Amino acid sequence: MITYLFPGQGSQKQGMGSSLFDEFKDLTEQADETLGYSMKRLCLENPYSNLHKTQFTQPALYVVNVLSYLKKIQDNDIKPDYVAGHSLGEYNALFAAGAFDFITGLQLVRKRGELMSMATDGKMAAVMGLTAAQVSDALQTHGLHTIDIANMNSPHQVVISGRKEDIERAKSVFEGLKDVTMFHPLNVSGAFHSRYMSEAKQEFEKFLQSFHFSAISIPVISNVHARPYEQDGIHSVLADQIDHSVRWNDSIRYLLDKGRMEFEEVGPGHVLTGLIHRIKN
């Protein structure tokens, strides 16, 4: 069986979507009309360093991932057995699955980006060398119970998330731990996928109520639950995604467990492919 995997924030790169904007001119134009700027310009020239600001990053990745998908299936007229995507990427899996059309998904990710960009005074950090359980234990025992686990990416790669000052203290703590091989703050000023996104989540959930979804035709493994979406559960699972951990390791393991599974990353970069390899070994 095969799974298609869609990248999220962390995979954006200037030059992404290279060949595709010209090949899908109508879609790019539709995006530009909706967003108020040129998507080609954003991705290729990274004006004002906008590619790295979440309100731009999210729709940029969404659009590149869509065009990457449409191109892939234009050349190879195969549909995957499953799809998943990392945070932002989950919108691309839902699109591949037919839950919504292109512009619907673009509206949702534009709003998601906007709300998340309103977070300040937060930070996130990638922690390598420890299991999720060990990271959680370390947080609790060093007075850092206020920090959440935002991503569980592979068995020894976790991203933590919380108030700026708490993430600062955490650096010290983790650098003193022998098995930690890396502590690397990420380039955000919000504590994404944490309790500190409560407001954004509730605003997004309210926004969601205006939308109606179509049938999921390819199972989508949710970040929140590491299990397929249920047709009637799209609203709640998309809203929960904002303030809950991305259970990426468990999502991949769910897929591995079904037997002989291959994965292909659709979108820029090889980040998720790299994670597969660490999950398997």
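All residue numbers are counted from 1 along the displayed sequence.
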{"query": "Comparing 83-91 with 112-120, the one whose average Cα B-factor in the PDB entry is higher", "finding": "112-120"}
{"query": "Mean Cα B-factor comparison, 243-251 or 230-238, giving the higher one as deposited", "finding": "230-238"}
{"query": "From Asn153, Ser136, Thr181, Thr104, residue of greatest CA B-factor", "finding": "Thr181"}
{"query": "Highest recorded Cα temperature factor - choice among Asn223, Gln58, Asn65, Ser49", "finding": "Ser49"}
{"query": "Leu44, C-alpha B-factor rank within chain (lowest, middle or highest third)", "finding": "highest"}
{"query": "Third of chain Cα B-factors occupied by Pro7", "finding": "middle"}
{"query": "Third of the chain, ranked by Cα B-factor, where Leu256 sits", "finding": "highest"}
{"query": "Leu27 - Cα temperature factor, lowest/middle/highest third of chain", "finding": "middle"}
{"query": "Third assignment of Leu20 from its chain's C-alpha B-factors", "finding": "highest"}
